[PDB]
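Undergrad: Sequence plus experimental coordinates follow:
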Number of protein chains: 2
Amino acid sequence: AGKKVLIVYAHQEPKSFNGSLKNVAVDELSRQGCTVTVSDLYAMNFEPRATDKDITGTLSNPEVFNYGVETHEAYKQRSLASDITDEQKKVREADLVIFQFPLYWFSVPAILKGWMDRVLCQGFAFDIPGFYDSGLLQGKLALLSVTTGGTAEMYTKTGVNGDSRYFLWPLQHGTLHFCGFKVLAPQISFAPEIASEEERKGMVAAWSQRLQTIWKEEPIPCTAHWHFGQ
Amino acid sequence: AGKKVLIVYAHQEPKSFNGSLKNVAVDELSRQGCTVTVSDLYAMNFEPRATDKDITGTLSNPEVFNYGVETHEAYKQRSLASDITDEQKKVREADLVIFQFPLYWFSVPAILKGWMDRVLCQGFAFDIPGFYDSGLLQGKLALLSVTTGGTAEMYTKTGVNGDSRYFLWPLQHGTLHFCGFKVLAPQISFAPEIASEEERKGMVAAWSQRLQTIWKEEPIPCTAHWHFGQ
Ligand SMILES: Cc1cc2nc3c(=O)[nH]c(=O)nc-3n(C[C@@H](O)[C@@H](O)[C@H](O)COP(=O)(O)OP(=O)(O)OC[C@@H]3O[C@H](n4cnc5c(N)ncnc54)[C@H](O)[C@@H]3O)c2cc1C
Ligand SMILES: Cc1cc2nc3c(=O)[nH]c(=O)nc-3n(C[C@H](O)[C@H](O)[C@H](O)COP(=O)(O)OP(=O)(O)OC[C@H]3O[C@@H](n4cnc5c(N)ncnc54)[C@H](O)[C@@H]3O)c2cc1C
Ligand SMILES: COc1cc(=O)n(C)c2c3c(ccc12)OCO3
Ligand SMILES: COc1cc(=O)n(C)c2c3c(ccc12)OCO3
Ligand SMILES: [Zn+2]
Ligand SMILES: [Zn+2]
């Protein structure tokens, strides 16, 4: 239907398993008639570092540079670097934002971490006050589509890595929910490097198949209990 | 004595509160006679992105780029980029690695996330298999010194942000413990931007005091129970 989707994609190799997941999302959401944009961060050589090059006008406090303060002001003044505001426009217009990435150290690859750090600035994505359920991106859906080295077995409460939900907290709750997104259940594609060719094909078609009905899903309850239980 | 400390620091501003915490750690550990090295990531313009530039000469599969495989082989064949190997030398010789950074999105700034992604490579920090305590950095101590925007009250189990310990999991357990580090209790300096003056002087003083007996400390039990349990 009449919806805009932004896919923020973080993998170096177009032939990868992540590449395939990205392309099947674009294929399926495009088939449905959705408007689809992809920010392919490596191909863009997206700048991950939060630096004073991100503000182009007079700083509030040139004596002691505080990145959150300076970017909050710059956002209000329209003196942010244009790579940041280009991304903000995509997010602003999106109804759904999908993040497609390999798990790096229980988190996103740094190039995508730098997208969150630099694009979700104060004034745009949240304000103090104006976060979690009062976040500035309220009304928008977000979803993490994550691939791993580790097996599903390894990511259980009594497996070596602990439950997969534990590493989702800082991203789902600390970032997405904080900015006001409603979070859809994560898509985790476990261990495609270990998986057989039939199992890989299965994981790709499960994602394609889930996307056929993605607009009918409810968000998760993004709370400590969902993530950690008890 | 004789101990070597590496401090991996990630703040843009030498006059910041992180800056002061890094400086008192250098001052105190230097005073004790320890060997100290600092990796000032922003001043080094450290590269955060995981790309094929990290491998010199020629790829072990130039048709499909797999970062994990390529860096593992590059490590074995002494063909990693020199920014990464310079960091690996400092880590290899270190008895204690302290990370000094402001919390960005429940995690490390992207520039320090990229140090983790690119420096802690397979063959160096862990093997597959070969992790947690068959992790290659066993014997070394690691410590997170983190500063926050949010007050300690916000970081309680039924505060908005949830417990501090919940966001420590991917860093302490998924990264530091996985590589074989023993983890010291984190130093968390809550909300300096809204502290006095005193209080702030006091937080800087307390870190210095703690570093006086850092070598007497016992590592935390780095378990799901410690982070999430009761
Ligand atoms: C710095 C670093 C940190 C990491 N940290 C962690 C961690 O904390 N936890 C953890 O679990 N893992 C971790 N990993 C490993 C893991 O997340 C990755 O290896 C990744 O998830 C695998 O995804 P990929 O797309 O790169 O796989 P690929 O290697 O690209 O996929 C396996 C492939 O199937 C492919 N394929 C592509 N398209 C298709 C298709 N359409 N159908 C069938 N097969 C297809 C390829 O041909 C290849 O055989 C880390 C890796 C690195 C480099
Ligand atoms: C992209 C981004 C994401 C963020 N995400 C989060 C998050 O997830 N959770 C969260 O809680 N917060 C978050 N924050 C807020 C961030 O963690 C805090 O802004 C930061 O930790 C403050 O530390 P600082 O060193 O920059 O403080 P500074 O602004 O540098 O310091 C505060 C004050 O201390 C003064 N000072 C310096 N040295 C001394 C000294 N020796 N004695 C006394 N005073 C001194 C400085 O002059 C200044 O007045 C985020 C910020 C950004 C920009
Ligand atoms: C430290 O987290 C990991 C957990 C983990 O379970 N696996 C399988 C990893 C992996 C890597 C790199 C890291 C991890 O390359 C291939 O498999
Ligand atoms: C989870 O993210 C935050 C939690 C949080 O508790 N606080 C206070 C934050 C903050 C930021 C940015 C993010 C956060 O700028 C100043 O204060
Ligand atoms: Zn939440
Ligand atoms: Zn652990």
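TA: Nice, thanks for sending it over. Residues are numbered from 1 along each chain as shown, chains lettered A, B, ... in the order given. Ligands and ions are numbered 1, 2, ... in the order given.

Undergrad: got the residue ranges for the helices in chain A?
TA: A:17-31, A:67-77, A:82-93, A:110-119, A:164-171, A:197-212, A:224-228 (DSSP state H).

Undergrad: want to throw these into CSV with distance to chain B and mean neighbour count?
TA: Bear in mind the C-beta positions are built from the backbone N, C-alpha and C, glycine included. Compiled in CSV, those are given as follows (distance: least, C-beta to the nearest C-beta, whole Å; neighbours: other C-beta atoms under 10 Å in any protein chain shown):
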stretch, distance to chain B, mean neighbour count
helix A:17-31, 10, 19
helix A:67-77, 6, 19
helix A:82-93, 13, 16
helix A:110-119, 3, 26
helix A:164-171, 3, 23
helix A:197-212, 14, 14
helix A:224-228, 5, 17
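
Undergrad: and the residue in chain A that ligand 2 sits nearest to, how far is that from residue A:51?
TA: Here chain A gets closest to ligand 2 at one residue, residue A:68, 3.4 Å apart by C-beta to the nearest ligand atom. Look at residue A:68 and residue A:51: by C-beta to C-beta, to the nearest Å, they are 13 Å apart.

Undergrad: who touches residue A:39 in this structure?
TA: A:6, A:7, A:8, A:9, A:46, A:87, A:90, A:115 (C-beta atoms under 8 Å, 6 or more residues apart in numbering or on different chains).

Undergrad: circling back to that earlier point, what's the closest residue to the residue of chain A closest to ligand 2 other than its chain neighbours in contact with, if anything?
TA: Excluding the flanking residues, the one nearest residue A:68 by C-beta to C-beta, 6 or more residues apart in numbering or on different chains is residue A:122, at 5.9 Å. Residue A:122 sits next to A:68, A:71, A:72, A:75, A:128 when contact means C-beta under 8 Å, 6+ apart.

Undergrad: so what's the closest residue to residue A:157 other than its chain neighbours up against?
TA: Of all residues not flanking residue A:157 in the chain, residue A:163 sits nearest, at 4.7 Å (C-beta to C-beta, 6+ apart). Counting by C-beta under 8 Å, 6+ apart, residue A:163 touches A:155, A:156, A:157.

Undergrad: I'd like those laid out as CSV, including distance to residue A:167.
TA: What follows is the contacts of residue A:163, written out as CSV (distance: C-beta to C-beta, whole Å):
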residue, distance to residue A:167
A:155, 8
A:156, 13
A:157, 13
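
Undergrad: Among the residues you listed, name the ones in strands.
TA: Judged by DSSP state E, strands contain none of the contacts of residue A:163.

Undergrad: just those now: which is nearest residue A:228?
TA: Using C-beta to C-beta, the shortest approach to residue A:228 within those belongs to residue A:157, at 9.7 Å.

Undergrad: Just give the number of residues close to that closest one.
TA: Look at residue A:157: counted by other C-beta atoms under 10 Å in any protein chain shown, it has 13 neighbours.

Undergrad: partners of the residue nearest the centre of chain A in the sheet?
TA: When C-alpha atoms, centre = their mean is applied to chain A, the residue found nearest the centroid is residue A:99 (3.7 Å). Following DSSP bridges, residue A:99 is listed with bridge partners residue A:8, residue A:144.

Undergrad: ok, it - contacts?
TA: Going by C-beta under 8 Å, 6+ apart, residue A:99 touches A:7, A:8, A:10, A:108, A:112, A:142, A:143, A:144, A:145, A:146, A:171.

Undergrad: any idea how far the residue lying closest to residue A:125 once chain neighbours are set aside is from residue B:66?
TA: Closest residue in space to residue A:125, ignoring its immediate chain neighbours: residue A:179 at 4.2 Å, by C-beta to C-beta, 6+ apart. Per C-beta to C-beta, residue A:179 is found 32 Å from residue B:66.

Undergrad: Tell me which of these two has more neighbours.
TA: Taking neighbours as other C-beta under 10 Å, residue A:179 and residue B:66 compare with residue A:179 leading, 23 against 18.

Undergrad: how far away is that one from residue A:139?
TA: According to C-beta to C-beta, residue A:179 and residue A:139 sit 11 Å apart.

Undergrad: One more: residue A:155?
TA: For residue A:155 relative to residue A:139 (C-beta to C-beta), the value is 31 Å.

Undergrad: Could you check which of those two has the larger neighbour count?
TA: residue A:155 (21 against 10).

Undergrad: circling back to that earlier point, might you report the residue contacts of the residue nearest to residue A:125?
TA: Counting by C-beta under 8 Å, 6+ apart, residue A:179 has contacts A:120, A:125, A:126, A:131, A:135, A:136, A:137.

Undergrad: quick revisit: ok, the residue of chain A closest to ligand 2 - contacts?
TA: Applying C-beta under 8 Å, 6+ apart, one finds that residue A:68 lies in contact with A:121, A:122, B:149.

Undergrad: Going by proximity to ligand 5, name the top residue of chain A.
TA: Across chain A, no residue is closer to ligand 5 than residue A:222, which sits at 2.8 Å (C-beta to the ion).

Undergrad: Name the nearest residue to that residue, sequence neighbours excluded.
TA: residue A:177 (4.3 Å).
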